[PDB]
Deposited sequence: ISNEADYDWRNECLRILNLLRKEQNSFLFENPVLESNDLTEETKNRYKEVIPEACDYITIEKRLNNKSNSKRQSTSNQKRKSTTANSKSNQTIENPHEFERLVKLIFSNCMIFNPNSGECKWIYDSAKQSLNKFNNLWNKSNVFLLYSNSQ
């Protein structure tokens, strides 16, 4: 790595999830999106109590306005993005590609996270 900072190791992995298929879904807050209708955004607040997204996590890592205290909170927040998407959207029908996109980015995240030194950088800091 030759980095030493665990937060940059988190940002590196976040930037790699941005290159995944339909990554635009998880980039900005769904509740701020002008693309979705208010009807769907009002059901979202009822179904999802804690919304999250990549730009919100990225801004929380740069704090060093909340701040991510450790890799364990970063892991929670990234996985929260994919579980909210998989709770809100169906895994069957014509628009099942939204759920499937969350599922594949979660799978990509686990593979990057499991082979990362992010905890060894945090533990030795």
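Practice item. List in ascending order the stretches of the deposited sequence, numbered from 1, that lack C-alpha coordinates. Key: Going by the record, the segments left unmodelled (no C-alpha atoms) fall at 1-3, 68-89, 151.
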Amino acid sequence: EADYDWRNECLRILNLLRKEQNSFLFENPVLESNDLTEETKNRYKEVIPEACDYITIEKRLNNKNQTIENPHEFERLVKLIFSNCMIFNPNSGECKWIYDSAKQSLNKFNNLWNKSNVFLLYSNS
From here on, numbers count along this sequence of modelled residues.
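Review point. For the stretches 95-103 and 30-38, which has the higher mean C-alpha B-factor as given in the deposited record?
Key: Taking the mean B-factor of the alpha carbons in each, 30-38 is higher.
Review point. Which is higher in the entry, the mean Cα B factor of 115-123 or that of 2-10?
Key: Here the higher of the two C-alpha B-factor means belongs to 2-10.
Check your understanding: When the CA B-factors of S83, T67, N70, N89 are compared as recorded in the entry, which is the largest?
Key -> In this record, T67 carries the highest C-alpha B-factor of the candidates.
Practice item. Place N15 in the lowest, middle or highest third of its chain's C-alpha B-factors, as listed in the PDB entry. Key: CA B-factor rank for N15: middle third.
Point to revise | Within-chain third of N110 by Cα B-factor, per the entry | key: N110: CA B-factor falls in the lowest third of its chain.
Exercise for review: Sorting the chain's modelled residues by C-alpha B-factor, tell me whether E75 ends up in the lowest, middle or highest third.
Suggested key: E75: CA B-factor falls in the lowest third of its chain.
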